[PDB]
Amino acid sequence: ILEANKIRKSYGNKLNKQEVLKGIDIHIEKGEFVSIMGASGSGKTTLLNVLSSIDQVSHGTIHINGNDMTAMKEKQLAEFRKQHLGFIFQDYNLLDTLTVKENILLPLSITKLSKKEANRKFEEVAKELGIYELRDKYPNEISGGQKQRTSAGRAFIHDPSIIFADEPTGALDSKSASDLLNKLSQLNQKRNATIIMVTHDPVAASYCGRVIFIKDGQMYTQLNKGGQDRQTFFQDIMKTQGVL
Amino acid sequence: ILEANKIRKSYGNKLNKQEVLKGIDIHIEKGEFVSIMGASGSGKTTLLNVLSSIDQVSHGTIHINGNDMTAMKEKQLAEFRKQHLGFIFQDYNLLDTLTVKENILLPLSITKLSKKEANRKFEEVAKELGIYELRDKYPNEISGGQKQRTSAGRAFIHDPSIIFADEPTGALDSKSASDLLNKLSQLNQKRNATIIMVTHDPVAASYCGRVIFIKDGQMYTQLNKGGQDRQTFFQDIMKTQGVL
Amino acid sequence: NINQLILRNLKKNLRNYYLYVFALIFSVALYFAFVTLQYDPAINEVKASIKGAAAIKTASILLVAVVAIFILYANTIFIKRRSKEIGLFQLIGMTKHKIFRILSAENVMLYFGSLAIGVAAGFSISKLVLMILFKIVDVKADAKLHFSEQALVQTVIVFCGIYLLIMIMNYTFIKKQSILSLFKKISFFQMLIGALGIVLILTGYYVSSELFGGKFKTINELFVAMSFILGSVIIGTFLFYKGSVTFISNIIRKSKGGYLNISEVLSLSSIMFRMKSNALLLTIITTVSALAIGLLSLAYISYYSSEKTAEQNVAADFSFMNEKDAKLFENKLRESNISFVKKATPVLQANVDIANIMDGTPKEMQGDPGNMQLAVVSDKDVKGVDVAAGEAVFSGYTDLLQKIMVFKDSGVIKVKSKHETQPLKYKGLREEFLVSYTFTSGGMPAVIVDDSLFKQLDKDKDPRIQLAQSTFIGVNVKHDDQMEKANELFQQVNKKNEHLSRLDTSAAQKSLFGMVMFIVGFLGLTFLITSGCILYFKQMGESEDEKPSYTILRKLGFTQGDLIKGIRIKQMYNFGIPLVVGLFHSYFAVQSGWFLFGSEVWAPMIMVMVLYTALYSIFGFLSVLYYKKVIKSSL
Ligand SMILES: CC(C)=CCC/C(C)=C/CC/C(C)=C/CC/C(C)=C/CC/C(C)=C\CC/C(C)=C\CC/C(C)=C\CC/C(C)=C/CC/C(C)=C/COP(=O)(O)O[C@@H]1OC[C@H](N)[C@H](O)[C@H]1O
């Protein structure tokens with residue numbers, strides 16, 4: 001699906017230019033769990049922002065499902081961003097005056113599916129994550145990880161093509177983060193939906209199939225895992241990070 | 001620097017009297033980052049009012065830089081607070097109709113000071129905080145993070161020693177809060193200044209080293225970090241807060 | 001450095017609050033115009049029943065009582081919005097006197113720079129107000145006027161006296177300020193509150209429906225019923241906002257379950273928690289708006305039906321009481337080349353029994369049913385009907401009478417003669433009028449009997465209830481001509497003005513009700529502007545108090561063009577609920593008061609509500625225009 005070809009961005013404030021993206025080649029097929037990580041002042045965040053439609057492009061070509069995006073219109077870009085490309089944010093971004101059901105079912109109002117198909121799909125989506133008990137509780141009495149799980153459920157409603165995750169496990173303990181990662185892996189294995197995550201935690205990258213070690217806008221190859229044990233892959237990633 | 005001994009606040013509107021504070025023993029040295037946690041209903045605002053000398057104390061002794069607060073009158077108290085205290089608030093309360101440079105320099109122009117040293121101080125502060133680029137802009141075209149950094153810079157124009165700060169990360173997202181906390185962190189390693197912080201979210205307190213808990217006054221223990229990697233410390237704070 | 005700050009604050013405040021300046025200018029101009037109108041010696045040509053020079057004196061007091069309240073209330077939100085601006089100055093270090101001086105140095109300019117334009121605009125409107133008044137009433141021409149310095153003195157004194165109250169209120173607020181001040185599920189009591197809020201209004205409407213022509217009829221008893229209705233309709237309106245819109249909104253919300261849309265999220269999140277907080281200002285707005293609309297419509301009904309009431313009061317174009325004046329009038333008209341069709345008809349006053357024809361109660365009497373005074377005429381005089389023996393036919397319509405004096409079908413009617421009683425039966429009711437109101441008592445129609453029966457009725461002539469003149473000498477007129485000179489001749493005929501003319505009776509009522517028209521219309525326009533400005537000012541807080549919801553909605557995929565529609569349909573309800581309640585109050589108030597101010601309705605009521613809505617929609621549009629700005633800057 002995703003096809004990045006030498007996408008490059010230059011940071012300019014009309015007086016100084018400091019390019020951060022110099023040479024990108026990403027090959028992503030339908031149905032994998034990849035991760036982007038490396039350093040702390042690199043262009044990985046900018047890479048994720050330019051891969052999606054949240055930020056513009058400077059020099060490069062990106063194709064998602066065959067569609068052209070680099071020279072695509074603004075209104076059509078917004079329509080595409082609303083129709084596909086579900087997002088999971090670092091923070092909760094949950095409305096306080098509504099409930100869980102309204103919060104995770106509102107983005108389905110634009111495409112009218114009546115009061116039958118939406119209500120049938122909400123149960124299916126929310127029972128996989130095990131939040132069906134939380135159908136009328138306002139998002140101020142529930143725990144921490146349940147809000148993130150509701151956000152993921154909202155991102156998983158309309159069956160999008162590509163899901164971009166920007167540091168999901170950032171403000172959670174070990175148990176909640178592990179449970180959320182396991183649920184995301186189960187959802188990936190159930191329905192074919194590509195998931196891309198940017199994280200700083202080796203445990204988060206352990207659940208992934210591929211990882212890219214960005215280095216100030218370079219490649220430094222990548223891992224493949226495949227027929228490899230979870231723990232052994234964890235030590236391999238730890239060694240690779242220790243090399244850096 | 002400050003010493004808190006039997007810090008108590010009085011009440012008694014009509015019949016009912018509220019004893020929110022029942023004596024505290026807080027020992028804070030010079031030049032370290034201290035955070036005070038707690039929970040809703042702990043009267044942290046009353047504690048801030050008592051320690052900031054805004055609200056007149058009722059019982060106990062408070063010493064600011066070796067000087068008892070009660071030893072001076074109201075006008076002398078105001079003069080001492082102006083000479084040795086700053087403030088950082090949850091909101092972005094600023095003069096909308098004043099430029100960033102003038103808004104920062106406003107507290108300094110009162111005490112009959114020449115323009116040359118004021119400009120030098122503004123240059124130093126802006127270069128340290130990295131907001132010099134917004135030297136002649138307006139607060140109506142500036143994001144929340146830069147507004148909060150401008151307020152913090154205003155709080156350092158006349159060097160405090162026991163500067164207080166309420167929750168800065170109340171109306172900030174993850175990135176802006178992280179940037180502001182980082183900047184305040186390198187500002188501590190400079191000229192010594194107590195940066196007492198009264199936030200309740202563990203993410204903000206993960207950058208501290210003197211986390212203190214309040215249940216009645218000090219029922220829970222305290223953490224010191226020292227050799228941790230900012231992640232095990234945060235996990236420990238999360239666990240010990242979940243114990244409650 | 002202080003001067004630059006003051007100038008910048010003045011420039012900023014001249015842009016956020018401009019409707020305030022517009023309202024000040026409008027109020028000052030209207031007050032100056034009214035005072036100049038009252039003190040000028042030119043309104044002496046407009047007089048029907050009241051002097052006029054004293055009505056303006058009363059109308060110039062309520063306007064001040066409204067404007068002063070508006071100013072003293074709307075200059076409190078302005079000082080409350082500066083709450084997080086005095087604490088910063090106190091932290092920097094300033095005496096309260098400096099803060100007071102800084103705050104007042106801007107208000108002085110912003111007030112006097114508008115007061116000096118309001119007075120200068122009184123000249124352009126002084127003559128136009130006279131033109132409008134002279135067009136509503138009938139008068140010939142001409143209006144010159146002069147400076148009338150008394151008006152300037154009075155206006156300056158009043159609008160300088162108000163500023164001292166403003167200043168003392170601001171000083172009290174500044175001193176009262178704290179040292180720094182810088183740091184749900186449904187209940188069951190609200191069930192009862194929401195039930196009562198609708199029950200009281202509905203029962204008030206139902207009781208007000210049967211006020212006139214009902215089971216109770218007594219001058220000392222209708223006062224209590226009126227007070228009860230006017231208390232119920234107010235208590236219900238007050239309870240309708242503080243715990244009755246929440247019920248309806250909760251019922252609506254618990255009807256869709258899950259799936260929703262952004263068109264309803266904003267409304268269902270804001271209306272319930274915002275309309276409850278302000279549930280004393282909206283009550284006042286609705287009640288005063290209903291009171292103004294009802295009074296204007298009730299005056300315009302009478303102004304519309306005066307031309308028919310005058311024609312109904314007198315059967316012909318001229319009426320006379322004595323033969324001498326009638327023959328003098330016709331002698332004068334003889335050489336005036338204005339031929340007249342003069343017909344005379346004697347009237348024999350008599351009383352009968354109409355107890356059996358009552359469809360209601362003896363309380364609806366207006367006279368003894370068995371001994372009610374009526375008028376009897378023969379049949380040869382009438383050129384439209386030819387009655388027979390034992391038949392009595394009524395005449396006239398009297399739309400008021402049909403609502404009170406309801407008549408049954410045929411029956412038996414007893415003639416209360418001196419020593420005899422000949423019974424007849426009721427044939428039917430005509431529509432035209434035959435006898436002026438002088439000889440028919442209040443409004444009782446005259447009866448028509450057979451010529452043969454009248455041949456003995458006039459012979460009897462019971463001399464107990466006979467009037468001074470048992471004749472109806474009346475001089476009609478030919479086809480359309482110069483009736484003005486005929487009216488002048490009639491006026492010069494009666495030096496004691498002891499006769500009746502159609503034109504005079506129409507003009508008197510027209511002028512008397514046109515004066516009230518003018519006064520109430522202007523005093524209602526002022527309140528409309530005031531209420532619109534107050535509501536627009538109150539709507540400014542929601543923009544700044546909802547930004548950390550637009551900044552989140554725009555990060556989910558939505559665009560400004562999709563939020564603006566929801567904003568529009570939220571503002572629609574927010575600005576429309578009080579208007580709808582006021583319209584319902586006015587409609588159910590007018591419907592219990594017609595058939596008493598004259599003839600036709602549904603002509604003025606819509607013609608007033610349409611204008612009111614058209615003049616009320618402007619602030620609703622401006623509120624959306626303001627929301628667009630904060631929406632654009634949400635990101
Ligand atoms: C503003 C103010 C001053 C006071 C406030 C109260 C008030 C009265 C308001 C006006 C009303 C409004 C608009 C209120 C807004 C507010 C609300 C809440 C509305 C909804 C309330 C609600 C749901 C119901 C309440 C309705 C009521 C209380 C009245 C309506 C009936 C009404 C208009 C009048 C009846 C009361 C009288 C005294 C009549 C007499 C009028 C009159 C010329 C008498 C003279 O005799 P009449 O016979 O008529 O005339 C000649 O008489 C000699 C000849 N010979 C002939 O007989 C004949 O030609």
# chains A, B, ... in the order shown; residues from 1 in each chain; ligands from 1
>>> interface_residues(of="chain C", to="chain A", cutoff="7 Å", atoms="only C-alpha atoms", output="list in words")
residues 258, 259, 260, 261, 269, 552 and 557 of chain C
>>> write_last_selection(atoms="C-alpha atoms", output="compact mmCIF listing (two decimals), in the first residue's frame")
# COMPACT_ATOMS: atom_id res chain seq x y z
CA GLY C 258 -25.42 6.23 20.59
CA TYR C 259 -24.99 7.51 17.01
CA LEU C 260 -25.07 11.32 16.96
CA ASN C 261 -23.65 14.18 14.89
CA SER C 269 -23.81 20.27 25.62
CA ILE C 552 -10.08 19.20 19.70
CA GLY C 557 -10.75 15.59 10.83
>>> residues_near_ligand(ligand="ligand 1", cutoff="6 Å", atoms="only C-alpha atoms and all ligand atoms", output="PDB file with C-alpha atoms, in the first residue's frame")
ATOM      1  CA  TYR C 205     -53.618  30.271  29.420  1.00  0.00           C
ATOM      2  CA  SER C 208     -57.226  33.637  30.644  1.00  0.00           C
ATOM      3  CA  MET C 226     -56.359  39.110  36.356  1.00  0.00           C
ATOM      4  CA  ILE C 229     -53.280  34.975  35.664  1.00  0.00           C
ATOM      5  CA  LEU C 230     -50.535  37.620  35.606  1.00  0.00           C
ATOM      6  CA  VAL C 233     -47.879  33.206  33.588  1.00  0.00           C
ATOM      7  CA  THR C 287     -42.234  39.407  29.684  1.00  0.00           C
ATOM      8  CA  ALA C 290     -44.804  40.316  25.252  1.00  0.00           C
ATOM      9  CA  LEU C 291     -46.070  43.405  27.097  1.00  0.00           C
ATOM     10  CA  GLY C 294     -49.587  43.130  23.045  1.00  0.00           C
ATOM     11  CA  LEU C 295     -50.048  46.830  23.779  1.00  0.00           C
ATOM     12  CA  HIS C 585     -47.609  34.986  25.490  1.00  0.00           C
ATOM     13  CA  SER C 586     -48.614  37.914  23.273  1.00  0.00           C
ATOM     14  CA  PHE C 588     -52.743  34.317  24.131  1.00  0.00           C
ATOM     15  CA  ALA C 589     -52.972  37.803  25.674  1.00  0.00           C
ATOM     16  CA  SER C 592     -58.674  37.438  25.371  1.00  0.00           C
ATOM     17  CA  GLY C 593     -58.933  41.180  24.729  1.00  0.00           C
ATOM     18  CA  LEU C 596     -63.788  44.969  22.857  1.00  0.00           C
TER      19      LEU C 596
END
>>> atom_distance(atom1="atom CA of residue B:213", atom2="atom CA of residue B:167")
15.6 Å
>>> interface_residues(of="chain A", to="chain B", cutoff="10 Å", atoms="only C-alpha atoms", output="list in words")
residues 90, 91, 92, 93, 170, 171, 172, 173 and 174 of chain A
>>> select_by_dssp(residues="chain B", states="helix (DSSP H, G or I)", output="ChimeraX atom specification")
/B:44-51,69-71,74-84,100-105,115-129,132-134,144-154,174-188,202-205,232-243
>>> residues_around(residues="stretch 241-248 of chain C", least_positions_apart="3", cutoff="7 Å", atoms="only C-alpha atoms", output="JSON, numbers by chain")
{"C": [190, 193, 194, 197, 238, 251, 252, 272, 275, 276, 279]}
>>> write_last_selection(atoms="C-alpha atoms", output="mmCIF file, in the first residue's frame")
data_model
loop_
_atom_site.group_PDB
_atom_site.id
_atom_site.type_symbol
_atom_site.label_atom_id
_atom_site.label_comp_id
_atom_site.auth_asym_id
_atom_site.auth_seq_id
_atom_site.Cartn_x
_atom_site.Cartn_y
_atom_site.Cartn_z
ATOM 1 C CA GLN C 190 -36.125 18.855 38.777
ATOM 2 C CA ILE C 193 -39.887 21.673 38.664
ATOM 3 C CA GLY C 194 -40.256 20.790 34.986
ATOM 4 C CA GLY C 197 -43.211 24.974 34.760
ATOM 5 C CA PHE C 238 -39.485 31.716 35.372
ATOM 6 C CA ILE C 251 -35.677 13.333 26.910
ATOM 7 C CA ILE C 252 -34.348 14.200 23.447
ATOM 8 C CA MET C 272 -28.859 22.784 29.334
ATOM 9 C CA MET C 275 -29.883 28.568 29.958
ATOM 10 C CA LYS C 276 -30.245 27.523 33.608
ATOM 11 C CA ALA C 279 -32.828 32.184 34.274
#
>>> residues_around(residues="residue C:201", least_positions_apart="3", cutoff="10 Å", atoms="only C-alpha atoms", output="number ranges by chain")
C: 196-198, 204-207, 229, 232-237, 239-240, 585
>>> atom_distance(atom1="atom CA of residue B:217", atom2="atom CA of residue B:64")
20.5 Å
>>> closest_residue(among="A:44, A:14, A:191, A:63", to="residue A:1", atoms="only C-alpha atoms")
A:63
>>> closest_atom_pairs(of="stretch 276-339 of chain C", to="stretch 52-74 of chain C", cutoff="12 Å", atoms="only C-alpha atoms", output="Markdown table")
| residue | atom | partner | partner_atom | distance |
| --- | --- | --- | --- | --- |
| C:281 | CA | C:73 | CA | 10.9 |
| C:285 | CA | C:70 | CA | 12.0 |
| C:288 | CA | C:66 | CA | 11.2 |
>>> residues_around(residues="residue C:37", least_positions_apart="5", cutoff="8 Å", atoms="only C-alpha atoms", output="PyMOL selection string")
chain C and resi 43+56+126+130
>>> write_last_selection(atoms="N, CA and C atoms", output="PDB file, in the first residue's frame")
ATOM      1  N   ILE C  43     -47.121  71.420  19.297  1.00  0.00           N
ATOM      2  CA  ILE C  43     -47.906  70.190  19.316  1.00  0.00           C
ATOM      3  C   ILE C  43     -49.329  70.486  19.767  1.00  0.00           C
ATOM      4  N   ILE C  56     -46.080  63.238  26.647  1.00  0.00           N
ATOM      5  CA  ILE C  56     -44.655  63.191  26.338  1.00  0.00           C
ATOM      6  C   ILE C  56     -43.827  63.304  27.608  1.00  0.00           C
ATOM      7  N   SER C 126     -35.124  65.680  15.221  1.00  0.00           N
ATOM      8  CA  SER C 126     -36.182  66.467  15.848  1.00  0.00           C
ATOM      9  C   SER C 126     -37.317  66.759  14.872  1.00  0.00           C
ATOM     10  N   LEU C 130     -41.392  64.929  14.484  1.00  0.00           N
ATOM     11  CA  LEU C 130     -42.601  65.714  14.264  1.00  0.00           C
ATOM     12  C   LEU C 130     -43.314  65.290  12.988  1.00  0.00           C
TER      13      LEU C 130
END
>>> atom_distance(atom1="atom CA of residue C:212", atom2="atom CA of residue C:605")
20.0 Å
>>> select_by_dssp(residues="stretch 163-193 of chain A", states="strand (DSSP E)", output="list in words")
residues 163, 164, 165 and 166 of chain A
>>> write_last_selection(atoms="N, CA and C atoms", output="PDB file, in the first residue's frame")
ATOM      1  N   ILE A 163      -3.196   2.865   9.556  1.00  0.00           N
ATOM      2  CA  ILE A 163      -3.356   3.466  10.875  1.00  0.00           C
ATOM      3  C   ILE A 163      -1.989   3.944  11.346  1.00  0.00           C
ATOM      4  N   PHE A 164      -1.890   5.231  11.667  1.00  0.00           N
ATOM      5  CA  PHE A 164      -0.651   5.833  12.142  1.00  0.00           C
ATOM      6  C   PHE A 164      -0.738   6.032  13.649  1.00  0.00           C
ATOM      7  N   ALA A 165       0.217   5.463  14.377  1.00  0.00           N
ATOM      8  CA  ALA A 165       0.301   5.600  15.825  1.00  0.00           C
ATOM      9  C   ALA A 165       1.546   6.398  16.181  1.00  0.00           C
ATOM     10  N   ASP A 166       1.365   7.450  16.973  1.00  0.00           N
ATOM     11  CA  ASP A 166       2.451   8.344  17.367  1.00  0.00           C
ATOM     12  C   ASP A 166       2.598   8.200  18.882  1.00  0.00           C
TER      13      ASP A 166
END
>>> residues_around(residues="residue A:195", least_positions_apart="2", cutoff="8 Å", atoms="only C-alpha atoms", output="PDB file with N, CA, C and O atoms, in the first residue's frame")
ATOM      1  N   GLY A  31      -0.913  -5.534   5.551  1.00  0.00           N
ATOM      2  CA  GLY A  31      -0.988  -6.497   6.633  1.00  0.00           C
ATOM      3  C   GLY A  31       0.308  -6.789   7.361  1.00  0.00           C
ATOM      4  O   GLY A  31       0.700  -7.954   7.482  1.00  0.00           O
ATOM      5  N   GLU A  32       0.987  -5.753   7.852  1.00  0.00           N
ATOM      6  CA  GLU A  32       2.140  -5.939   8.721  1.00  0.00           C
ATOM      7  C   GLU A  32       2.073  -4.945   9.872  1.00  0.00           C
ATOM      8  O   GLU A  32       1.214  -4.061   9.916  1.00  0.00           O
ATOM      9  N   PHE A  33       3.006  -5.103  10.811  1.00  0.00           N
ATOM     10  CA  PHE A  33       3.083  -4.298  12.031  1.00  0.00           C
ATOM     11  C   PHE A  33       4.512  -3.772  12.135  1.00  0.00           C
ATOM     12  O   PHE A  33       5.373  -4.413  12.744  1.00  0.00           O
ATOM     13  N   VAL A  34       4.764  -2.611  11.542  1.00  0.00           N
ATOM     14  CA  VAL A  34       6.098  -2.046  11.484  1.00  0.00           C
ATOM     15  C   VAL A  34       6.242  -0.971  12.555  1.00  0.00           C
ATOM     16  O   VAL A  34       5.267  -0.506  13.138  1.00  0.00           O
ATOM     17  N   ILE A 162      -4.720   2.506   6.422  1.00  0.00           N
ATOM     18  CA  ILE A 162      -3.468   2.637   7.157  1.00  0.00           C
ATOM     19  C   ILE A 162      -3.745   3.376   8.458  1.00  0.00           C
ATOM     20  O   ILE A 162      -4.445   4.394   8.465  1.00  0.00           O
ATOM     21  N   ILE A 163      -3.196   2.865   9.556  1.00  0.00           N
ATOM     22  CA  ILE A 163      -3.356   3.466  10.875  1.00  0.00           C
ATOM     23  C   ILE A 163      -1.989   3.944  11.346  1.00  0.00           C
ATOM     24  O   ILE A 163      -1.041   3.152  11.419  1.00  0.00           O
ATOM     25  N   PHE A 164      -1.890   5.231  11.667  1.00  0.00           N
ATOM     26  CA  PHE A 164      -0.651   5.833  12.142  1.00  0.00           C
ATOM     27  C   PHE A 164      -0.738   6.032  13.649  1.00  0.00           C
ATOM     28  O   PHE A 164      -1.658   6.696  14.139  1.00  0.00           O
ATOM     29  N   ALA A 165       0.217   5.463  14.377  1.00  0.00           N
ATOM     30  CA  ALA A 165       0.301   5.600  15.825  1.00  0.00           C
ATOM     31  C   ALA A 165       1.546   6.398  16.181  1.00  0.00           C
ATOM     32  O   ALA A 165       2.650   6.059  15.745  1.00  0.00           O
ATOM     33  N   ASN A 188      -4.908  -6.594  14.635  1.00  0.00           N
ATOM     34  CA  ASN A 188      -4.162  -6.707  13.386  1.00  0.00           C
ATOM     35  C   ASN A 188      -4.285  -8.108  12.801  1.00  0.00           C
ATOM     36  O   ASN A 188      -4.495  -8.271  11.593  1.00  0.00           O
ATOM     37  N   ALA A 193      -5.230  -4.905   8.500  1.00  0.00           N
ATOM     38  CA  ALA A 193      -5.133  -3.454   8.623  1.00  0.00           C
ATOM     39  C   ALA A 193      -3.706  -3.097   9.006  1.00  0.00           C
ATOM     40  O   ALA A 193      -3.246  -3.467  10.090  1.00  0.00           O
ATOM     41  N   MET A 197       3.724   2.414  13.954  1.00  0.00           N
ATOM     42  CA  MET A 197       3.901   2.965  15.288  1.00  0.00           C
ATOM     43  C   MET A 197       5.296   3.555  15.431  1.00  0.00           C
ATOM     44  O   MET A 197       6.274   2.984  14.942  1.00  0.00           O
TER      45      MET A 197
END
>>> closest_residue(among="A:42, A:153, A:208, A:218", to="residue A:187", atoms="only C-alpha atoms")
A:153
>>> closest_residue(among="A:69, A:214, A:126, A:243", to="residue A:156", atoms="only C-alpha atoms")
A:126
